[PDB]
Amino acid sequence: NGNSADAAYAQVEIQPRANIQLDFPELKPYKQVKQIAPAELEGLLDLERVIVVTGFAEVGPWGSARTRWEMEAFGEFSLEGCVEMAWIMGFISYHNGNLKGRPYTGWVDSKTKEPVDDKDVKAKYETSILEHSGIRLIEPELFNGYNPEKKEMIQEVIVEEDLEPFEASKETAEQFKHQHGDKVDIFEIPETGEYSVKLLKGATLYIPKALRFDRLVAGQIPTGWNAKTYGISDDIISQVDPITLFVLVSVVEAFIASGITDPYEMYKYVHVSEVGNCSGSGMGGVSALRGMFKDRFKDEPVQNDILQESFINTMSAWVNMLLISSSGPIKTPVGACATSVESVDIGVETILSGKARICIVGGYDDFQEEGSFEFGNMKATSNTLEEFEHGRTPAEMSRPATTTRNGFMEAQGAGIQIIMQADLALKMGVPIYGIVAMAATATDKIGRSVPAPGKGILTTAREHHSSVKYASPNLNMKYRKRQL
Amino acid sequence: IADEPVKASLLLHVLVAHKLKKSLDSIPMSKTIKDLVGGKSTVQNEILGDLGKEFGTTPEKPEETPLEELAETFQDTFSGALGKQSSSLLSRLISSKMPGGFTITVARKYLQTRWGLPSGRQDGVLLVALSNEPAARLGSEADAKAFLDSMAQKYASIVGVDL
Amino acid sequence: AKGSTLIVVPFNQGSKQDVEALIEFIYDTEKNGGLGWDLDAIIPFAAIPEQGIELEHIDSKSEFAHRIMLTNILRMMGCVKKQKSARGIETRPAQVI
Amino acid sequence: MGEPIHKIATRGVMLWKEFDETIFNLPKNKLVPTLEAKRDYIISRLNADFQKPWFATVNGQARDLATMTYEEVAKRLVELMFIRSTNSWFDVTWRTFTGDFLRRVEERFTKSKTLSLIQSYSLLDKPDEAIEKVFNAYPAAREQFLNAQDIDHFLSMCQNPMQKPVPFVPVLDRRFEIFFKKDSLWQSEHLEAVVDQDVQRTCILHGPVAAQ
Amino acid sequence: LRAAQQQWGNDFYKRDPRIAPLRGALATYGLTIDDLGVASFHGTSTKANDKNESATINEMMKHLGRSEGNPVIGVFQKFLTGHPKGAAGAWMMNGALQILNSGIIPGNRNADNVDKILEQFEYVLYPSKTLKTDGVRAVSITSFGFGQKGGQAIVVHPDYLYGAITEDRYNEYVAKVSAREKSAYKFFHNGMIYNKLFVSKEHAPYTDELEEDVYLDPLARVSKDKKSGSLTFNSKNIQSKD
Amino acid sequence: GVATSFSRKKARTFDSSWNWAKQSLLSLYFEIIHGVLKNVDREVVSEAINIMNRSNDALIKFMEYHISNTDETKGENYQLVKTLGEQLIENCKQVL
């Protein structure tokens, strides 16, 4: 019967392509969303005094908030998550046009340029994605060569016999002479015009040595993450601390979650003085602090403006200088681990005071050698050699509320929210992910240990219970709606 | 091979190229300093400072005027002199990123020996090398020879001589 | 269930050093870093598969497997007996299944 | 290719002449920046006067491919390429184009491997029933704008040399003069397949002197 | 009007020492202390922090008279991410929002064995696997920094806001969001495939001549420039009577 | 093959059944409300056994709150969870 009767039988398979969603909140019909709230609530609240979250984003060890939430909630990537992760990590790139003579529109491997289909991204990359994401052994390529196995130091030694002379420029030799005094002889070479530096007996010298450090693991932004992927230019990357790049991406990606693709659109509804930035850091630009403290001392080439890139308030500056262009409040908090909650509390109060109608809140911090080391000396972080003694893999070293928990796992990244007055969110028709009903900070009490967590925040629940025999009509929304 | 002094058109190019942390050819001469660093006022005044320390006398408001024309403006008073800034930068290149025991003397002697380039040409080859900072102390003597070989090629290419 | 506990320990029944350690660990006091238990039952079901190993093919694997499945089961029972008799435990026998 | 042609001065040809004087004569550097400057005008005048209308037009409202839903794109394809009067696709290769699009819709909105609801493009000879069927199984595609990847695909298919040139302009770009001028001669003989059956849209070749 | 609405709707409990800030923040939307379903804990994985935080939430709940047998469900996101210092609470807030809008509560998959000491805190449950619930009404976010920096934020389900507006105003909002969502998706995919989600602004929305005029007019607003297509400040819409 | 695997430091203890009881109840409660477990599925009975085997006063209060605050009018699945709930509380009280 030939191939004719068996060709009309042959059926066409559809293979799914990743249709990545922004996961805006699902708005219910009015009849249903009027059932949850009391009927008295209508026209009771001043909507300028209600603060809502209209967008959020992050950069952290599991990519964006979308990919992180997949891995948090479901513990495995969907097609959309797996494609997003492959795009973030730079495994796949998009290609439109001529590829090997045929015209091709879709994903290609970023190395080989071979076309990739969305179905094949999980088989081809997911193992590479999971291996180079989340809490894992410290990758030296990500931290300017930093290898905690071989942690560089210098020991001062008084030399016991004269060194061989070495050639140096005149200015360099003069700088040796100044430092060492009589413990060095510098002599011009008439031939070439260069100088011969001889270190004499009793001169101070610094010999490099390596310590084996015990904190080998960290939460690190996925390998191959690159601000150029999101479209940040090289001139910005070359200028700013790495932490700034996590903030710029988190901020644009938070605006996108708010459905605000052009930030200037906010200036159709509010003044340029009504857009705040209350986002902060604990340590700020610690790569720039390393530059000015250590790399300058070693006479390495460090940009002249490295100081400005260190400051905790410079990340918010770059955000305003590159994207927002507001003249609204800027209130950069420093709260160590509680920076981001303090950031929200300031942002809420900034808006409630009337000094802003929109506010970028959040927090950001980098992981670097010197911080890692100092959290070790304070025994705040988990000793990775003890975790390996106990058979723990890197992925099971952060185990809150557990019998055997033995210190925190240091990570890096940034989280941003956009908060607004409800009244303006509704007007602008931006998505509303939640109400910020309360935010508060509290100190503890007299003490002598800075890192001791205390019970100060308990005050958020303070109330008087001496006379509670009959319910107060202030708690009764029907009474409040009558008085309004 | 004939000796020439280093032209201000090369020296100025190399100082700018080095300062912006960019390749020598990614910067076009017919395109001014205020356009190169249009953003950062700090970096502008820092190139202007380097041109001052190098050539001594600077023209009036020269940041808006192209590199190509400013070459000839500086060229008149300039006389194949490496000067404070270029001499410093070349010494840092050698001291910081050469296999060790491989100094100015043995770099210049290797240029004079193999390539036969005299003082004025040597200066040019070291300046194009200052454009192409290897970013890491290169390991062996053979890698340094290979580096100067490759930078002597790009020098011959840019000036228009044959080896 | 309530009262239950589950201790999960890495273990190579093929190692006699592992067998002694495991029973030392179970029987040793919590001060010394053990469980301070006394076994009521032992269920030594560890075993490695052999397929297509007839008489002429009996070699390193089959001899190792025999150590897991007989020799070291006898040594576990031995170790448990020595720990119980050290502590004069004569009225709480361990049921070996 | 810049050769003179004698045509009946219809609205379509007057638009053609105008674009030859103001757009196609410009140098390659100046063509792209000029098109966005005039975009709203061009799109209006294509839709009014020419035989190849602006593709991205929903009930007279001039959209763009990026601001059209998958459904709007599949319906618009039918309204320009399928002839209601003679219940058939003007060209088989246009039916292929529209089936290939609908398969791409199924790919973008299916969650797992499935069988196509379009097993052969013969089923498209009832185009309303095929569209209803696809956009019932994937109703998300009634509400979402085109994915940027699917816009890039669609314009890739518009440039397929093994099919009849698409009877519309889908984008203003360097390629605009070819989308405007390619395949101009058939319409005059097939007014059933022109937008409003309007002769005034079409290029008719004729002599000034023979016309007497 | 607003001042009245604020006094009775938003700020009723500010002068009132019988209402805790935590209770008043919920009571605003008609929620009770029993509606605070989830507590995203700082949960650093340190001996001292995880016990203190559990003790501190447990005491809040006990004082405010949360119903026996209604513990808050603890979320310990740091099991997955690790602790990124300043960024810590922002991640928790992102996850608190993602909980509210999905009803899914994630599980501490590294909670191999919950610490016996933490059993005394009856108002805290420590799940090890994800719970698809029928809805979360409110989440509590608590951080504890070095240097006595304690923080707490409450985030309420956004559907409690829309009960405060008319159906006409709700339906107008839903139309704008739908439109804005579509345009966002358009922008997102374009920017992703073409690596241009981030686009640095070249210029402020005003020229250097209008800069001090815009700053000084509180009603100045951008509009679409016809030429560029970009949002700018026009001289016409600065100190205009309209 | 005779390489040592055993180390005391590697011994993982699991004893926190007080916590898992509540998680197991609350997992069941939502599985019944989302129609994942029906009234014919045996996994309902198995899970009820594993909850009775972890009964204590804290778990009974956890049940009484979660069940007695189930609005049975919201759907048939809510009536099913409230009926089974009430029964499992009675069971858990007896086998306390």
Every listed condition ((1) in contact (Cβ under 8 Å) with a residue 40 or more places away in the chain; (2) farther than 20 Å from residue E:82 by Cα; (3) surrounded by fewer than 20 Cβ atoms within 10 Å (Cβ to Cβ)) holds for residue A:52 save (3)
Given (1) surrounded by fewer than 17 Cβ atoms within 10 Å (Cβ to Cβ); (2) more than 24 Å from residue D:145 (Cβ to Cβ); (3) free of Cβ contacts under 8 Å to residues at least 40 places away in the same chain, where does residue D:59 come up short, assuming only one miss?
-> (2)
For the range A:383-424, the count of residues that are within 7 Å of another protein chain (Cβ to nearest Cβ) and either touching a residue at least 60 places away in the same chain (Cβ under 8 Å) or in contact with a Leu (Cβ under 9 Å, 6 or more places away or on another chain) (or both) equals 12
Taking residue E:45, is it more than 7 Å from every other protein chain (Cβ to nearest Cβ) and farther than 20 Å from residue A:465 by Cβ?
-> no
How many residues does the range D:7-48 contain that are among the small types (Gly, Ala, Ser), closer than 18 Å to residue D:199 by Cβ and either part of a helix (DSSP H, G or I) or outside the structural domain of residue D:191 (by CATH) (or both)?
-> 2
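Listed here are the residues, each with its yes/no results for (1) of a type outside the set (S, T, N, Q); (2) more than 25 Å from residue A:413 (Cα to Cα); (3) crowded, with 19+ Cβ neighbours inside 10 Å.
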{"position": "A:57", "(1), (2), (3)": "yes, no, yes"}
{"position": "A:61", "(1), (2), (3)": "yes, no, yes"}
{"position": "A:65", "(1), (2), (3)": "yes, no, yes"}
{"position": "A:78", "(1), (2), (3)": "no, no, no"}
{"position": "A:87", "(1), (2), (3)": "yes, no, yes"}
{"position": "A:97", "(1), (2), (3)": "yes, yes, no"}
{"position": "A:113", "(1), (2), (3)": "yes, yes, no"}
Counting only residues that are closer than 24 Å to residue D:60 by Cβ and of a type in the set (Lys, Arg), the range D:159-212 contains a total of 1
Taking the range D:130-170 and keeping residues within 11 Å of chain E (Cβ to nearest Cβ) and buried (at least 19 other Cβ atoms within 10 Å of the Cβ) leaves D:144, D:145, D:146, D:147, D:148, D:149, D:150, D:151, D:152
Wholly within the range A:359-450, helices (runs of 4 or more DSSP H) carrying at least 2 residues that are more than 25 Å from residue E:147 (Cα to Cα) | A:384-389, A:422-428
If we keep just the residues of the range A:160-211 that are assigned to a strand (DSSP E or B) and among the aromatic types (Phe, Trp, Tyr), which is farthest from the chain's Cα centre (by Cα)?
-> A:187
Filter the range D:192-206 for residues that are assigned to a loop (DSSP other than H, G, I, E, B) and under 13 Å from the mean Cα position of the chain (by Cα); which is surrounded by the most Cβ atoms within 10 Å (Cβ to Cβ)?
-> D:194
Restricting attention to the range C:23-47, report how many residues are away from every other protein chain (no Cβ under 13 Å), surrounded by 13 or more Cβ atoms within 10 Å (Cβ to Cβ) and either aromatic (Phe, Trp, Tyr) or closer than 17 Å to residue C:88 by Cβ (or both).
-> 2
Of all helices (runs of 4 or more DSSP H) completely enclosed by the range D:112-191, which ones contain at least 1 residues that are in contact with a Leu (Cβ under 7 Å, 6 or more places away or on another chain) and closer than 22 Å to residue A:15 by Cβ?
-> D:127-137, D:148-157
Scan the range D:87-114 for residues that are more than 10 Å from chain A (Cβ to nearest Cβ) and acidic (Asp, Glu) and report the count.
-> 2
Taking interchain pairs and intrachain pairs at least six residues apart, which have beta carbon atoms under 9 angstrom, with the first residue in the range A:314-338 and over 23 Å from residue E:83 (Cβ atoms) and the second of a type in the set (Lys, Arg) and part of a loop (DSSP other than H, G, I, E, B)?
-> A:321/E:201; A:322/E:201; A:323/E:201; A:324/E:201; A:325/E:201; A:328/A:355; A:328/A:357; A:329/A:355
Output for the range A:1-39, where each listed residue is more than 8 Å from chain E (Cβ to nearest Cβ) and of a type in the set (D, E, K, R) | A:6, A:13, A:17, A:31
Counting only residues that are surrounded by fewer than 17 Cβ atoms within 10 Å (Cβ to Cβ), within 11 Å of chain A (Cβ to nearest Cβ) and within 30 Å of residue A:228 (Cα to Cα), the range E:200-224 contains a total of 5
Given the structure, is residue C:65 aliphatic (A, V, I, L, M), within 12 Å of chain F (Cβ to nearest Cβ), more than 28 Å from residue E:112 (Cβ to Cβ) and surrounded by 14 or more Cβ atoms within 10 Å (Cβ to Cβ)?
-> yes
When every residue in the range C:1-22 that is among the polar types (S, T, N, Q) and either in a loop (DSSP other than H, G, I, E, B) or within 22 Å of residue E:113 (Cβ to Cβ) (or both) is compared, the one farthest from the other protein chains (Cβ to nearest Cβ) is C:13
Just for helices (runs of 4 or more DSSP H) wholly inside the range A:255-333: which have at least 1 residues that are more than 14 Å from chain E (Cβ to nearest Cβ) and in contact with a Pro (Cβ under 7 Å, 6 or more places away or on another chain)?
-> A:286-290
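The values are calculated or read from the model by the stated rules, or taken from the named source; these are not laboratory values. Cβ atoms come from the backbone with ideal geometry, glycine included; neighbour counts cover every protein chain shown.
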